[PDB]
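Only one chain is shown below, in C-alpha cells, and it's the form deposited in one PDB entry.
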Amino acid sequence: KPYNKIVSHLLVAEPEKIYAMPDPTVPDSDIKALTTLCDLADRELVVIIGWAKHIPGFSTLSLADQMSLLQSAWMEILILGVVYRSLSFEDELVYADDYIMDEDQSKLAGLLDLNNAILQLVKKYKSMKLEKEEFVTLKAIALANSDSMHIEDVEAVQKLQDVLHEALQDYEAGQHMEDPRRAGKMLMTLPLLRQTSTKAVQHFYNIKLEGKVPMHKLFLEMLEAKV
C-alpha cells in the first residue's frame, strides 16, 4: 500500500536537470540550434548510461546486451525526457530550462514536423496527467522493450521487461484504483513514442551525412547503430 519499490527507486535515480547552454557568441541559425540540440543530447546520453545501471537487473546483462538496449532505445528516452519537461507548457518544448523551442524556432531549425509530433506526445500525456512516477517507469520500459534485433540473452531481457511492466501494473493498481486500465493506457502511449523516435533518428542521421552540424562521439555512435 505505501507504494511500488521499483518506482520509488527509479524516482530517486532520476538524473538532475541539465542546461543546453547555446553559445551566446554564435548568431542564431538552424546550424546553431541543431548543434546545440545534438550537443545537449550527447551530454544527456552520458547521464542516461549512468542512470540505466540503476534499473534492477540491467547491469547484470552482458555489456553487449546493455549497449544493444541503449542503442535501440536512446532516442525514445531522450524524447520522453523533453515530453515530460514540457507538460506544464503550451505548444513549447523544454529541451532544457534555458532552451525552450516554440513553433517559430522549430521552423527555423527544420524541426517543425518532428517537434509537432513530440507535441502530440505531450498533449496525450497532459490529458492522461502523466506523473513523474509513470514517466520514469515508462523510460525504463522503453529501454527494456526497445526491440534490438541483437540481443544475446533474449530471456533475461524479457525478464527485465517483466520486472518493469510489473512495477507499472502494481503502481497503477495501488495509486490509480479509479482506473483499472491505467497501466495499459500508459503502455499504449509507447507506439507513438516509437513512431516519433524512428522519424527523429532518420532526421538526424540525414543531418549527420549532410555534415553541416558537428556532432560528438557518443551521439554519433548511437546515431550510427542499426539505422
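Shifts are known only where both forms have a C-alpha. Basically, rigid core = biggest C-alpha set you can superpose within 1.5 Å across the two forms. In case it trips you up, residue 1 is the first one in the sequence shown, and so on.
The same protein also exists as the form solved in complex with a partner chain; that form is not shown, yet it is the one meant from here on.
The closest non-hydrogen atom of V7 lies beyond 4.5 Å of its partner chain in the entry with it bound.
Residue contact with its partner chain in the entry with it bound: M177 places no heavy atom within 4.5 Å of it. The shortest heavy atom separation between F58 and its partner chain in the entry with it bound is within 4.5 Å. Although the partner is absent here, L218 lies within 4.5 Å of its partner chain in the entry with it bound, judged by heavy atoms.
Residues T36, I100 and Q105 are none of them found to lie within 4.5 Å of its partner chain in the entry with it bound, as judged by heavy atom distances. Here is what shifts between the shown form and the other one when you lay the two on the core: runs of at least 3 residues, every Cα off by 2 Å or more, at 12-16, 22-27.
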